[PDB]
Every structure is written in C-alpha cells, then in structure tokens.
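Sequence, then structure. It's an experimental one.
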Amino acid sequence: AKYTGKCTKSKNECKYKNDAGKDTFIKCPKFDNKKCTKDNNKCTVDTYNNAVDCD
C-alpha cells in the first residue's frame, strides 16, 4: 500500500502510479509542513492510512 510519486515546485503537484498501472497526478499541500521546493521531487501516498507526504 506504498506508492512513490514525484512532484514539482512550479506545479506543486505530485504524480504516482496506482495498482491500475496508470499515472495519477494529485496536488500537494501548500503548508510549510509539506510542500514542493524543487522539481522532480518525491512524495508519499497511502490508501490504507489516507496519509500524504510531500518533499
């Protein structure tokens, strides 16, 4: 239940692949606690805990 995705500092949006095999892109949090500082960054998303973490 661990999916790895990359986000950009310009688009502030991450992108990861699910069990479907397709590439899914989701916006990242604009909170100082978690956000995109550099391009091609890395984030985390869990469907079990519904938790997300942006570089």
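Happy to help now that I have it. Residues are numbered from 1 along each chain as shown.

Next one: the closest residue in space to residue 14 that isn't next to it in sequence from residue 17, what distance?
Leaving out its chain neighbours, the residue that sits closest to residue 14 by CB to CB, 6 or more residues apart in numbering is residue 7, at 3.5 Å. The C-beta positions use only the backbone N, C-alpha and C, and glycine is treated the same way. For residue 7, the distance to residue 17 (CB to CB, to the nearest Å) stands at 14 Å.

So for these two, which sits in the more crowded spot?
More crowded of residue 7 and residue 17, by other CB atoms under 10 Å: residue 7, with 26 against 12.

which ones are touching that one?
Each residue near residue 7 by CB atoms under 8 Å, 6 or more residues apart in numbering is listed here: 13, 14, 15, 28, 36, 41, 42, 43, 54, 55.

okay, these in a markdown table with neighbour count and distance to residue 22 next?
Shown next, in a markdown table, are the contacts of residue 7 (neighbours: other CB atoms under 10 Å; distance: CB to CB, whole Å):
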| residue | neighbour count | distance to residue 22 |
| --- | --- | --- |
| 13 | 16 | 16 |
| 14 | 27 | 15 |
| 15 | 14 | 11 |
| 28 | 22 | 19 |
| 36 | 23 | 22 |
| 41 | 18 | 21 |
| 42 | 15 | 19 |
| 43 | 23 | 17 |
| 54 | 24 | 21 |
| 55 | 17 | 22 |
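
Now, those that are in strands?
Judged by DSSP state E, the contacts of residue 7 include 13, 14, 15, 43, 54 as members of strands.

Quick check: residue 26 vs residue 12, distance?
11 Å.

From residue 32, how far out is the residue lying closest to residue 3 once chain neighbours are set aside?
Excluding its sequence neighbours, the residue lying closest to residue 3 (CB to CB, 6+ apart) is residue 16, at 4.5 Å. If you measure residue 16 against residue 32 using CB to CB, the figure is 23 Å.
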